[PDB]
Amino acid sequence: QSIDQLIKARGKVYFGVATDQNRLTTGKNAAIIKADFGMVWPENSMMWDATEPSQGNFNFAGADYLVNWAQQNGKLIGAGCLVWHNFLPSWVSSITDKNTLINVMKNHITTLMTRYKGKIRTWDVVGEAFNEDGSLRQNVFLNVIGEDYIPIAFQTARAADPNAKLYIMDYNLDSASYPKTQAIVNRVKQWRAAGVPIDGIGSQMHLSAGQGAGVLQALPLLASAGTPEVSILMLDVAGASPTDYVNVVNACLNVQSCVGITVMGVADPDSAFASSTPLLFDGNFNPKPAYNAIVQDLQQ
Ligand SMILES: O=[N+]([O-])c1ccc2nn[nH]c2c1
């Protein structure tokens, strides 16, 4: 049975998965997504390198394919990441002038969000903005613009598509005692008090074995920032233990503002961490014990 259908019956929005044209045309990915998942994110086709490889010149073929496939198959769409240090073209990284970088960043956000206006449920606007000690990461945006880049990004995104839910996301938010987890909460509270339109915090849960248990404390901490939504993103677990996966799912169920869960992929061989067999389907596209454990946990 379908973990998306089951999680919806427990009052959540979706169980989703990252994908793209290459996946959808191979393996059993499209069939599994159609049956078992309710939302898709572009794994890479919306990243900056992919969408704006030279200044002002956009590439939308790959993202368009994903968006169209999702619409044809009745799936919600999440997308990102609009502003982060990964997948960043060299032409962006070499900018030194504050006003230029603001305009570059605003044009990137507005162009992408306008193209898909009204079709995207969730946009991950800012990603990986924090250092492990909780200070802000000194990426090109912070170095050139300063800390205003985060409010500017969210303000620009809200104007481009007021219907989308706007998220900040990060990894290593999995322990409630870790400084990064505390810092994103405190800063999101401050930004929201200044009227910055941060609708969500997304937790990029690339987990090692045994880390599911701590998410039961970390996810309510993230929700305490007061955003209308929190999400679990990029989920995979080294070893794919049912205990870890069920602990992650129950953290979602326990946190009223947690709208859903997105796994990093469908089948183990297609993970960037394949040797850790960290996904819910094996290399034959058969569901693994963790998939069945999630089914049993969600059944009523
Ligand atoms: O949850 N995800 O797997 C996922 C993948 C790529 C993304 N880019 N922005 N947000 C993302 C979430």
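Values reported hereafter were calculated over all heavy atoms of this structure, with side chains retained and with hydrogens, waters and symmetry mates removed. In this chain, numbering begins with 1 at the start of the sequence shown.
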What about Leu222 and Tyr178, same hydrophobic cluster or not, with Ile/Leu/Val/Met/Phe/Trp/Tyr joined at side-chain heavy-atom distances under 4.5 Å? no
Inter-residue atom distance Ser45.OG - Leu66.CG, 0.5 Å rounding: 5.0 Å
Pairs flagged by salt bridge (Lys or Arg N to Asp or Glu O under 4.0 Å) wherever residues 33-45 is involved - sequence neighbours left out: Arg23-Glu43
What verdict does the side chain to side chain donor-acceptor pair (under 3.5 Å) test give for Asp4 and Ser2, after you've listed the backbone C-alpha separation in whole Å, the side-chain angles of each residue and the deciding distance to 0.1 Å? CA-CA 5 Å; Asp4 178 76; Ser2 165; 5.0 Å; no
Is the shortest heavy-atom distance from the side chain of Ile261 to the side chain of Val249 under 4.5 Å? yes
Counting C-beta onward and ignoring hydrogens, is there a side-chain heavy-atom pair between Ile198 and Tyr167 closer than 4.5 Å? no
Check for me whether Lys28 meets the cation-pi criterion with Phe281, that is, NZ or CZ under 6.0 Å from the six-membered ring centre and within 45 degrees of the ring axis. no
Minimum-distance pair of heavy atoms, taken over all atoms of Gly265 and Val17: C-CG2, 3.6 Å
Residues in side-chain contact (heavy atoms from CB on, under 4.5 Å) with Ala79, at least two apart? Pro42, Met46, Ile120, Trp123
Is there a donor in the side chain of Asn286 and an acceptor in the side chain of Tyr291, or the other way round, less than 3.5 Å apart? no
Within a 6.0 Å radius of atom NZ on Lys8, are there more than 12 heavy atoms belonging to other residues, nucleotides or ligands? yes
Quick one: do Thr100 and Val104 satisfy side-chain contact (heavy atoms from CB on, under 4.5 Å)? Show the steps, please. CA-CA 6 Å; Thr100 298; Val104 161; 4.2 Å; yes
With heavy-atom distances below 4.5 Å as the criterion, would you say the side chains of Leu219 and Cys258 are in contact? yes
Qualifying residues under side-chain contact (heavy atoms from CB on, under 4.5 Å), relative to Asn44, sequence neighbours excluded: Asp20, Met47, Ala50, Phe87
Under a 4.5 Å cut-off applied to non-hydrogen side-chain atoms, are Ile168 and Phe130 in contact? yes
Nearest atoms (heavy-atom pairs only) where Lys12 meets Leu253: CE-CA, 3.8 Å
Kindly work out whether a path of hydrophobic side-chain contacts (I/L/V/M/F/W/Y, heavy atoms less than 4.5 Å apart) joins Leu82 to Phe58. yes
For the pair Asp161 and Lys119, find out whether any cationic side-chain nitrogen is under 4.0 Å from an anionic carboxylate oxygen. no
Atom pair OG1/NZ of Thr110 and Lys117 - distance to nearest 0.5 Å: 10.5 Å
As an exercise, state the distance from CG of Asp297 to CZ of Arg10, rounded to the nearest 0.5 Å. 6.5 Å
Listed by chain and number, what are the side-chain contact (heavy atoms from CB on, under 4.5 Å) partners of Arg115, not counting sequence neighbours? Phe60, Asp64
Do side-chain atoms of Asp244 reach the backbone of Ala209 as a donor and acceptor pair under 3.5 angstrom? no
Partner residues of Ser208 under the side-chain contact (heavy atoms from CB on, under 4.5 Å) criterion, sequence neighbours left out: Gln211
For a 4.5 angstrom cut-off between non-hydrogen side-chain atoms, does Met169 reach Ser203? no
Are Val125 and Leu142 connected into the same hydrophobic cluster when the rule is that any two of I, L, V, M, F, W, Y join if their side-chain heavy atoms are below 4.5 Å apart? yes
Under 4.5 Å between side-chain heavy atoms, counting indirect links through other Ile/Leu/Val/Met/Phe/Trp/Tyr residues: same cluster for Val185 and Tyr171 or not? no
Interatomic distance, CG@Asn172 vs CD@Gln204, rounded to 0.5 Å, equals 9.5 Å
Got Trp69 and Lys75 here, is their nearest side-chain heavy-atom distance under 4.5 Å? yes
Check whether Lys165 reaches the backbone of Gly200 with its side chain - one donor and one acceptor, N or O, closer than 3.5 Å. no
What verdict does the side chain to side chain donor-acceptor pair (under 3.5 Å) test give for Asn57 and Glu52, after you've listed the backbone C-alpha separation in whole Å, the side-chain angles of each residue and the deciding distance to 0.1 Å? CA-CA 6 Å; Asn57 174 40; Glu52 203 192 347; over 6 Å; no
Distance check, rounded to the nearest 0.5 Å: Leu166 atom CG versus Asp199 atom CG? 5.0 Å
Could you walk me through whether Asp268 and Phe273 pass the side-chain contact (heavy atoms from CB on, under 4.5 Å) check? CA-CA 8 Å; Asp268 281 339; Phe273 322 101; over 6 Å; no
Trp191 vs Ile150 side-chain heavy atoms within contact, under 4.5 Å: yes
Determine, for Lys180 against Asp170, whether the closest basic-nitrogen to carboxylate-oxygen distance falls under 4.0 angstrom. yes
Write down the atom of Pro197, the atom of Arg158, and the distance for their closest heavy-atom approach. CB-NH2, 3.4 Å
Verdict with supporting geometry, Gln72 and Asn68, side chain to side chain donor-acceptor pair (under 3.5 Å): CA-CA 6 Å; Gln72 293 174 330; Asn68 177 253; 3.0 Å; yes
Which distance, rounded to the nearest 0.5 Å, do you find between the OH of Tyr245 and the CG of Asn250? 14.5 Å
The test is side chain to side chain donor-acceptor pair (under 3.5 Å); show your working for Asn139 and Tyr149 and say whether it passes. CA-CA 11 Å; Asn139 60 26; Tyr149 89 90; 3.2 Å; yes
Decide side-chain contact (heavy atoms from CB on, under 4.5 Å) for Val230 and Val259; before the verdict, give the C-alpha distance in whole Å, the side-chain angles of both, and the deciding distance to 0.1 Å. CA-CA 6 Å; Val230 299; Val259 291; over 6 Å; no
Given 3.5 Å as the limit, does a donor-acceptor pair link the side chain of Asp133 with the main chain of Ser135, or not? yes
Taking the side chain as C-beta and beyond, is there a heavy-atom pair between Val92 and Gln55 under 4.5 Å? no
Mind listing the side-chain donor-acceptor pairs of residues 232-243 below 3.5 Å, one per line with the distance, residues two or more places apart or on another chain?
from, atom 1, to, atom 2, distance (Å)
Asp236, OD1, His206, ND1, 2.7
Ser241, OG, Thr243, N, 3.1

For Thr181 and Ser175, indicate whether the former's side chain and the latter's backbone hold a donor-acceptor pair under 3.5 Å. yes
List the atom of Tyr116, the atom of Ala63, and the distance in Å for their closest heavy-atom pair. OH-CB, 3.3 Å
For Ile145, does its backbone N or O pair with a side-chain atom of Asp148 as donor and acceptor, under 3.5 Å? no
Between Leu298 and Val246, is there a shared hydrophobic cluster once you connect ILVMFWY residues whose side-chain heavy atoms come closer than 4.5 Å? no
Are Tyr14 and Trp41 an aromatic pair, judged by ring center distance below 6.0 Å? yes
Give the minimum heavy-atom separation between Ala18 and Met264, together with the two atoms involved. CB-O, 3.5 Å
Counting distance only, does the side-chain N/O of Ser224 pair as donor-acceptor with the main-chain N or O of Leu221 below 3.5 Å? yes
The test is side-chain contact (heavy atoms from CB on, under 4.5 Å); show your working for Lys189 and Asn186 and say whether it passes. CA-CA 5 Å; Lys189 288 185 190 172; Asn186 289 319; 4.2 Å; yes
Shortest non-hydrogen separation from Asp49 to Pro89 and the atoms involved: OD1-N, 2.9 Å
Would the distance check show the side chain of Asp124 and the main-chain N or O of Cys81 forming a donor-acceptor pair, the cut-off being under 3.5 Å? no
Is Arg121 salt-bridged to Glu229, going by a charged N under 4.0 Å from an acidic O? yes
